[PDB]
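The structure under discussion appears below in the form of structure tokens.
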Amino acid sequence: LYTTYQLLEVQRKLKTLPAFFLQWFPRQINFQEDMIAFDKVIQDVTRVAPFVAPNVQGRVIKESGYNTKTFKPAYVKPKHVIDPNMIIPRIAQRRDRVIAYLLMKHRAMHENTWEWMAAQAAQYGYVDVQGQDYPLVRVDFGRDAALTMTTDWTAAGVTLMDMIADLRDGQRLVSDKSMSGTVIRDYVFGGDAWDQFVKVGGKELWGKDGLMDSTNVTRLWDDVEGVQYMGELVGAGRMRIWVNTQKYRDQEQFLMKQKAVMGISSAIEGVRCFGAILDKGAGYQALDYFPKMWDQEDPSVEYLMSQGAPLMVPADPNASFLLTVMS
């Protein structure tokens, strides 16, 4: 058998393709107990108590909800049988090879969970997660309601100057409503919003005198399917244009709202928060993922399990906006 330390050496050694939305969640807190403290994350002294309510059949049950300074994150726990005879696309040598593939698959399950939690927190200001007594609960971080907009880019006589002004309103509202007052320079478009912005913008956007300047965070996405850096939109305020068409799997959905545009700043200063994983003898383990191997009977197999308890909390919930453009 291998110790957690030995399994972490393997699990952590390789490089994994960059996460798009988490680039705005650079900070990290590995909490010492089972609870996450928002007072140690959220900047706004009025917004340090997010509203947590059960999400039952899509509907948020606000009645049985409360404001809380502290949260108990549910464990993300992939568990797989270690079969040395397992089919891997590329005796003890093969056993180790199986463990490493499984550890990589587990690390991916945790990493993608962080990314989708980042996507939801940044886009909506709230994240739907697994609860303690309910299968799903909503953690509302209280982003200003003016930062969730609606417009119709499919209406008659809409121009590129009108579309940029919708985007600019959003960044000016962020400047007004955010702690820092940061000027947004990044605009993540969903695929339908982008196609819409290009349907209307055409000649004025990509032509001989286009606004798009198509010419090192912008080049790390070349080999990433779903992410496309389009260039800076030159304005007499040079906007960075991102298009996100990434999909993930639910027990397959789009990471970014396809018919919307999200504006975001580095001032969101999102924090990857992690609860400590309780271990019988070793006590609490403050880790992002925690691999454990063991032999058992009933069934007579060897198991590998990577446990983690995450939440992606924004420091400044008001440092981003979402603008829906179609229906």
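Naming works like this for the structure tokens: A, B, ... for the chains as they're shown, residue 1 at the start of each chain, ligands 1 onward in shown order.
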Counting only C-alpha atoms, what is within 9 Å of residue 28 of chain A, bar same-chain residues fewer than 4 positions away, as a PDB file with N, CA and C atoms, in the first residue's frame?
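Just written: part_32.pdb:
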```pdb
ATOM      1  N   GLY A 270     -11.169  36.273  -5.915  1.00  0.00           N
ATOM      2  CA  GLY A 270     -11.820  35.041  -5.527  1.00  0.00           C
ATOM      3  C   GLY A 270     -10.876  34.143  -4.778  1.00  0.00           C
ATOM      4  N   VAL A 271     -11.415  33.452  -3.785  1.00  0.00           N
ATOM      5  CA  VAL A 271     -10.638  32.584  -2.932  1.00  0.00           C
ATOM      6  C   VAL A 271     -11.174  31.161  -3.046  1.00  0.00           C
ATOM      7  N   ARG A 272     -10.262  30.210  -3.331  1.00  0.00           N
ATOM      8  CA  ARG A 272     -10.528  28.775  -3.363  1.00  0.00           C
ATOM      9  C   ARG A 272     -10.519  28.352  -1.892  1.00  0.00           C
ATOM     10  N   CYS A 273     -11.704  28.169  -1.304  1.00  0.00           N
ATOM     11  CA  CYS A 273     -11.840  27.772   0.102  1.00  0.00           C
ATOM     12  C   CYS A 273     -12.005  26.256   0.226  1.00  0.00           C
ATOM     13  N   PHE A 274     -11.331  25.657   1.218  1.00  0.00           N
ATOM     14  CA  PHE A 274     -11.384  24.219   1.429  1.00  0.00           C
ATOM     15  C   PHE A 274     -11.528  23.826   2.879  1.00  0.00           C
TER      16      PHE A 274
END
```
task = Run DSSP on the backbone of this structure and report the residues of segment 40-224 of chain A it assigns to strand (DSSP E or B), as JSON, numbers by chain.
result = {"A": [51, 52, 53, 54, 55, 56, 59, 60, 66, 67, 70, 71, 76, 79, 80, 81, 126, 127, 128, 129, 137, 138, 139, 140, 148, 149, 150, 186, 187, 188, 189, 190, 212, 213]}
Let me see the file: selected residues, N, CA and C atoms, as an mmCIF file, in the first residue's frame.
```
data_model
loop_
_atom_site.group_PDB
_atom_site.id
_atom_site.type_symbol
_atom_site.label_atom_id
_atom_site.label_comp_id
_atom_site.auth_asym_id
_atom_site.auth_seq_id
_atom_site.Cartn_x
_atom_site.Cartn_y
_atom_site.Cartn_z
ATOM 1 N N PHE A 51 -26.427 34.285 2.096
ATOM 2 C CA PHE A 51 -27.693 33.596 2.294
ATOM 3 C C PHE A 51 -27.634 32.187 1.710
ATOM 4 N N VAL A 52 -27.818 31.161 2.575
ATOM 5 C CA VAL A 52 -27.797 29.733 2.205
ATOM 6 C C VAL A 52 -29.207 29.126 2.379
ATOM 7 N N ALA A 53 -29.780 28.584 1.298
ATOM 8 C CA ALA A 53 -31.130 28.009 1.300
ATOM 9 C C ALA A 53 -31.198 26.723 0.473
ATOM 10 N N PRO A 54 -32.034 25.735 0.802
ATOM 11 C CA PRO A 54 -32.066 24.519 -0.030
ATOM 12 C C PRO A 54 -32.650 24.745 -1.426
ATOM 13 N N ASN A 55 -32.002 24.183 -2.463
ATOM 14 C CA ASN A 55 -32.488 24.278 -3.845
ATOM 15 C C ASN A 55 -33.257 22.981 -4.138
ATOM 16 N N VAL A 56 -34.596 23.035 -3.963
ATOM 17 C CA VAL A 56 -35.454 21.866 -4.148
ATOM 18 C C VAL A 56 -36.207 21.922 -5.474
ATOM 19 N N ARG A 59 -36.165 25.064 -7.679
ATOM 20 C CA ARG A 59 -36.655 26.212 -6.911
ATOM 21 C C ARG A 59 -35.910 26.379 -5.595
ATOM 22 N N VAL A 60 -35.470 27.614 -5.323
ATOM 23 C CA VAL A 60 -34.752 27.992 -4.109
ATOM 24 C C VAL A 60 -35.779 28.128 -2.997
ATOM 25 N N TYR A 66 -31.178 30.752 5.627
ATOM 26 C CA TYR A 66 -30.584 31.654 6.617
ATOM 27 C C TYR A 66 -29.314 32.332 6.119
ATOM 28 N N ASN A 67 -28.908 33.389 6.810
ATOM 29 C CA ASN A 67 -27.663 34.083 6.536
ATOM 30 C C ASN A 67 -26.685 33.445 7.496
ATOM 31 N N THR A 70 -20.489 31.338 8.490
ATOM 32 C CA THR A 70 -19.759 30.076 8.328
ATOM 33 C C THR A 70 -20.508 28.999 7.483
ATOM 34 N N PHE A 71 -19.756 28.182 6.714
ATOM 35 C CA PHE A 71 -20.325 27.142 5.846
ATOM 36 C C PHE A 71 -19.624 25.811 6.007
ATOM 37 N N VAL A 76 -16.204 16.044 -1.823
ATOM 38 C CA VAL A 76 -16.155 15.611 -3.218
ATOM 39 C C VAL A 76 -15.323 14.327 -3.038
ATOM 40 N N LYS A 79 -14.209 7.392 -5.612
ATOM 41 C CA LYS A 79 -13.642 6.145 -5.098
ATOM 42 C C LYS A 79 -13.677 5.074 -6.172
ATOM 43 N N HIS A 80 -12.506 4.503 -6.491
ATOM 44 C CA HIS A 80 -12.345 3.484 -7.531
ATOM 45 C C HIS A 80 -11.550 2.281 -7.063
ATOM 46 N N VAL A 81 -11.923 1.105 -7.559
ATOM 47 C CA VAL A 81 -11.239 -0.162 -7.285
ATOM 48 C C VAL A 81 -9.924 -0.120 -8.072
ATOM 49 N N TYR A 126 -23.770 33.755 -7.034
ATOM 50 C CA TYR A 126 -24.236 32.639 -6.208
ATOM 51 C C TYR A 126 -23.805 31.308 -6.803
ATOM 52 N N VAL A 127 -23.675 30.274 -5.964
ATOM 53 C CA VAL A 127 -23.314 28.946 -6.446
ATOM 54 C C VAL A 127 -24.187 27.840 -5.861
ATOM 55 N N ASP A 128 -24.735 26.992 -6.730
ATOM 56 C CA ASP A 128 -25.524 25.850 -6.311
ATOM 57 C C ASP A 128 -24.575 24.697 -6.082
ATOM 58 N N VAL A 129 -24.513 24.220 -4.825
ATOM 59 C CA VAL A 129 -23.623 23.160 -4.346
ATOM 60 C C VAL A 129 -24.390 22.080 -3.586
ATOM 61 N N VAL A 137 -28.014 22.940 -2.282
ATOM 62 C CA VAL A 137 -28.271 24.232 -1.633
ATOM 63 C C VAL A 137 -27.642 25.362 -2.457
ATOM 64 N N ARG A 138 -28.202 26.570 -2.369
ATOM 65 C CA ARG A 138 -27.676 27.761 -3.032
ATOM 66 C C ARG A 138 -27.006 28.639 -1.988
ATOM 67 N N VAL A 139 -25.737 29.037 -2.260
ATOM 68 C CA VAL A 139 -24.942 29.941 -1.435
ATOM 69 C C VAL A 139 -24.969 31.266 -2.211
ATOM 70 N N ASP A 140 -25.794 32.247 -1.779
ATOM 71 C CA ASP A 140 -25.906 33.546 -2.464
ATOM 72 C C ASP A 140 -24.921 34.526 -1.835
ATOM 73 N N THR A 148 -26.865 42.211 -12.668
ATOM 74 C CA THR A 148 -27.510 41.120 -13.408
ATOM 75 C C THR A 148 -28.515 41.794 -14.348
ATOM 76 N N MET A 149 -28.054 42.037 -15.580
ATOM 77 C CA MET A 149 -28.771 42.762 -16.604
ATOM 78 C C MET A 149 -29.371 41.886 -17.691
ATOM 79 N N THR A 150 -30.248 42.507 -18.481
ATOM 80 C CA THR A 150 -30.965 41.940 -19.603
ATOM 81 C C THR A 150 -31.082 43.036 -20.634
ATOM 82 N N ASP A 186 -11.853 42.752 -19.223
ATOM 83 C CA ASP A 186 -12.119 41.381 -19.727
ATOM 84 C C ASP A 186 -13.613 41.098 -19.837
ATOM 85 N N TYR A 187 -14.046 40.572 -20.995
ATOM 86 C CA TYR A 187 -15.458 40.306 -21.318
ATOM 87 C C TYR A 187 -15.613 38.910 -21.905
ATOM 88 N N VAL A 188 -16.031 37.967 -21.083
ATOM 89 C CA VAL A 188 -16.216 36.574 -21.480
ATOM 90 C C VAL A 188 -17.602 36.421 -22.091
ATOM 91 N N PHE A 189 -17.654 36.166 -23.395
ATOM 92 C CA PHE A 189 -18.887 35.961 -24.147
ATOM 93 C C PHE A 189 -19.209 34.468 -24.227
ATOM 94 N N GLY A 190 -20.483 34.128 -24.143
ATOM 95 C CA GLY A 190 -20.940 32.782 -24.436
ATOM 96 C C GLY A 190 -20.980 32.711 -25.957
ATOM 97 N N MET A 212 -11.537 45.308 -33.604
ATOM 98 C CA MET A 212 -10.772 44.181 -33.074
ATOM 99 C C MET A 212 -9.299 44.260 -33.446
ATOM 100 N N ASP A 213 -8.431 44.225 -32.431
ATOM 101 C CA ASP A 213 -6.976 44.197 -32.581
ATOM 102 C C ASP A 213 -6.589 42.745 -32.237
#
```
Per residue of segment 106-186 of chain A within 12 Å of segment 218-240 of chain A, what are the shortest atom pair and its distance in Å to one decimal, counting only C-alpha atoms, with rows by chain and residue number, as a tab-separated table?
```
residue	atom	partner	partner_atom	distance
A:160	CA	A:233	CA	11.3
A:161	CA	A:235	CA	10.2
A:164	CA	A:235	CA	9.3
A:165	CA	A:235	CA	11.0
A:167	CA	A:239	CA	9.6
A:168	CA	A:237	CA	9.3
A:171	CA	A:239	CA	10.5
A:172	CA	A:237	CA	11.8
A:183	CA	A:237	CA	9.2
A:184	CA	A:239	CA	8.0
A:185	CA	A:239	CA	4.9
A:186	CA	A:240	CA	4.6
```
Please write the residues from the selection above to a file, keeping C-alpha atoms, as a PDB file, in the first residue's frame.
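File again_4.pdb, as written:
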```
ATOM      1  CA  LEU A 160     -22.094  47.695 -32.553  1.00  0.00           C
ATOM      2  CA  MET A 161     -21.883  51.081 -30.752  1.00  0.00           C
ATOM      3  CA  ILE A 164     -20.364  48.122 -26.620  1.00  0.00           C
ATOM      4  CA  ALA A 165     -22.402  50.692 -24.633  1.00  0.00           C
ATOM      5  CA  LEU A 167     -20.934  46.261 -21.966  1.00  0.00           C
ATOM      6  CA  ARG A 168     -19.546  49.711 -20.872  1.00  0.00           C
ATOM      7  CA  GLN A 171     -18.219  48.079 -16.183  1.00  0.00           C
ATOM      8  CA  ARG A 172     -19.292  51.571 -15.049  1.00  0.00           C
ATOM      9  CA  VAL A 183     -12.281  49.309 -14.477  1.00  0.00           C
ATOM     10  CA  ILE A 184     -13.237  45.965 -16.189  1.00  0.00           C
ATOM     11  CA  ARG A 185     -11.048  45.138 -19.204  1.00  0.00           C
ATOM     12  CA  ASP A 186     -12.119  41.381 -19.727  1.00  0.00           C
TER      13      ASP A 186
END
```
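Restricting the calculation to only C-alpha atoms, the smallest distance between residue 181 of chain A and any of A:8, A:266, A:13, A:310 is found for A:266.
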ask   = Separation of atom CA of residue 204 of chain A and atom CA of residue 322 of chain A, in Å?
value = 24.1 Å
Non-local contacts of segment 21-27 of chain A (10 Å; only C-alpha atoms; under 6 positions in same chain excluded) as an MDAnalysis selection string = chainID A and resid 41 111:112 114:123 188 217 244 255:256 264:273 312:315
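Proximity to residue 147 of chain A was assessed for A:169, A:209, A:9, A:39 counting only C-alpha atoms; the smallest distance is recorded for A:169.
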task = Identify, on the basis of only C-alpha atoms, every residue whose closest approach to residue 191 of chain A does not exceed 10 Å; exclude the query and any residue fewer than 6 positions from it along the same chain; express the result as a PyMOL selection string.
result = chain A and resi 197+226+242-246+254+256-261
query = Which residue gives the smallest distance to residue 307 of chain A among A:14, A:42, A:286, A:49, with only C-alpha atoms counted?
reply = A:286
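Across A:253, A:207, A:57, A:100, the tightest approach to residue 135 of chain A is made by A:57 when counting only C-alpha atoms.
Among the candidates A:285, A:92, A:72, A:82, the one nearest to residue 300 of chain A when counting only C-alpha atoms is A:82.
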request  = Tell me, in Å to one decimal, how far atom CA of residue 18 of chain A is from atom CA of residue 108 of chain A.
outcome  = 11.4 Å
note = Computed gap from atom CA of residue 48 of chain A to atom CA of residue 263 of chain A is 22.9 Å
